[PDB]
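S.K.: Structure in structure tokens, see below.
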Amino acid sequence: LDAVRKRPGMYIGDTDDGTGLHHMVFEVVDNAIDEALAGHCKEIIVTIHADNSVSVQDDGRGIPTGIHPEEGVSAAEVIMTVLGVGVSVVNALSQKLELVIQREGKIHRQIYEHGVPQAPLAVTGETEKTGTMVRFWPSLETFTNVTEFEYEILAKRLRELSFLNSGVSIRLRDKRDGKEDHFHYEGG
Amino acid sequence: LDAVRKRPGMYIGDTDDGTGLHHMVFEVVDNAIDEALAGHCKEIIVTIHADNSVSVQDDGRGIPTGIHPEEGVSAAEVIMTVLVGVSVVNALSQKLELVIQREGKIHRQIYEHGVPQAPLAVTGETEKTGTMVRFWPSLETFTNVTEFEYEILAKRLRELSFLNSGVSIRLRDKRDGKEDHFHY
Ligand SMILES: Nc1nc2ccccc2[nH]1
Ligand SMILES: Oc1ccccc1Cl
Ligand SMILES: Oc1ccccc1Cl
């Protein structure tokens, strides 16, 4: 990840005007949609939290959790720490990132700070559901000037995406003012 | 450097009891001595600053500044960013200032958590030669014991002065004005 940290603008875009900031959300959304479109009648939920973090949930299969034979860490950690631009770029430029994977009847949790895992991916409990949740806090050391998520930039993009992803339910939630949208195109 | 950031304790030592914190200084000093023991009447100055940073100055030849043919960046940057070594210290420092005097030129570079902020750059002229590294330990890594104890540094630098007989070692505390000069 040091290549991304050295020149953030090359990977995410302009880190001052707010375009790069919103590309962080859209990069995570692209991966969640990729997963959701591969399943049956899946759903993604994008939530803007009151602390200006954004979470993206899907109810797909979950990011693989088994140990990568070569790397010697969970497949999820390899995806988060090895260099669409990739979710690893979002991880590298986030001061905090929370990963929650529900898979094979088990809840897996891991926390990152500036791309560095604070502990190995850990099975913390049990679940009947499946899916992946990524919540990230953009790094205020990288993202300057424009540091808050505009609802309409996310809402407009998710509406456009809905028509290219048939059968995928897309929900947007703003916990700052309670505003919410539901985009669900069922064509084809 | 992510391997170091992931498990700081395995590279520098215990990051809670003050052991690792002081090892950060000793790692930089090892390189400075190494350098300086390849020459003759060299001196190393270790300074504890009021803002809880430590600087190590030497009057050696200076770390090589030219572009590394394989890596495509300055040889100094390769030393600070590739794998114990000063790269470990760089990785676990929230800020690190590098100043190299070599071949008639002063070179400067700043790092934050091991990430270079710009390329090694010529900032002026000089008759002198040497290397200076000033680092601010990351308080995200180093907990409980965050401030440098003078006597922990003094003890180790004394031991080093006997082993490295030709090298002068000065220790300076800018918080309370305390100082020592170890030379065998
Ligand atoms: N605050 C902060 N910024 C960082 C950048 C890279 C790795 C660790 C870091 N901690
Ligand atoms: O399904 C997910 C969700 C977020 C990031 C990456 C993946 Cl694969
Ligand atoms: O002489 C040197 C060399 C490497 C790191 C620090 C110093 Cl002071």
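Neighbour counts are summed over all protein chains in view; Cβ atoms, including those assigned to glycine, are modelled from backbone coordinates with ideal geometry. The numbers here are math on the coordinates, done by the rules we state, and not lab data.
S.K.: Return a yes/no flag: does region A:64-71 have any residue that is within 14 Å of chain B (Cβ to nearest Cβ) and either more than 16 Å from ligand 3 (Cβ to nearest atom) or of a type in the set (K, R) (or both).
M.R.: The answer is yes; a qualifying residue exists.
S.K.: Can you pull out every residue in region A:82-118 that is acidic (D, E) and either within 12 Å of another protein chain (Cβ to nearest Cβ) or in contact with a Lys or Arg (Cβ under 7 Å, 6 or more places away or on another chain) (or both)?
M.R.: A:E98, A:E113
S.K.: Sticking with this one: What single numbered condition from (1) small (G, A, S); (2) surrounded by fewer than 17 Cβ atoms within 10 Å (Cβ to Cβ); (3) in contact with a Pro (Cβ under 9 Å, 6 or more places away or on another chain) fails to hold for A:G178?
M.R.: Failing condition for A:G178: (3).
S.K.: When region A:131-153 is examined, which residues are found to be surrounded by fewer than 19 Cβ atoms within 10 Å (Cβ to Cβ) and within 15 Å of ligand 1 (Cβ to nearest atom)?
M.R.: Answer for region A:131-153, where residues must be surrounded by fewer than 19 Cβ atoms within 10 Å (Cβ to Cβ) and within 15 Å of ligand 1 (Cβ to nearest atom): A:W137, A:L140, A:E141, A:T144.
S.K.: If the Cβ limit is 9 Å and pairs must be 6+ apart or interchain, which residue in region A:121-137 that is on the phi > 0 side of the Ramachandran plot pairs with which residue that is assigned to a loop (DSSP other than H, G, I, E, B) and of a type in the set (K, R)?
M.R.: A:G131/A:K42; A:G131/A:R61
S.K.: Can you pull out every residue in region A:72-81 that is part of a helix (DSSP H, G or I) and either within 13 Å of chain B (Cβ to nearest Cβ) or touching a helix residue (DSSP H, G or I) at 6+ places or on another chain (Cβ under 8 Å) (or both)?
M.R.: Result: A:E77, A:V78, A:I79, A:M80, A:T81.
S.K.: Among strands (runs of 3 or more DSSP E) lying entirely in region A:82-130, which contain 2 or more residues that are among the polar types (S, T, N, Q) and crowded, with 21+ Cβ neighbours inside 10 Å?
M.R.: Where strands (runs of 3 or more DSSP E) fall fully within region A:82-130 and carry at least 2 residues being among the polar types (S, T, N, Q) and crowded, with 21+ Cβ neighbours inside 10 Å, they are A:94-103.
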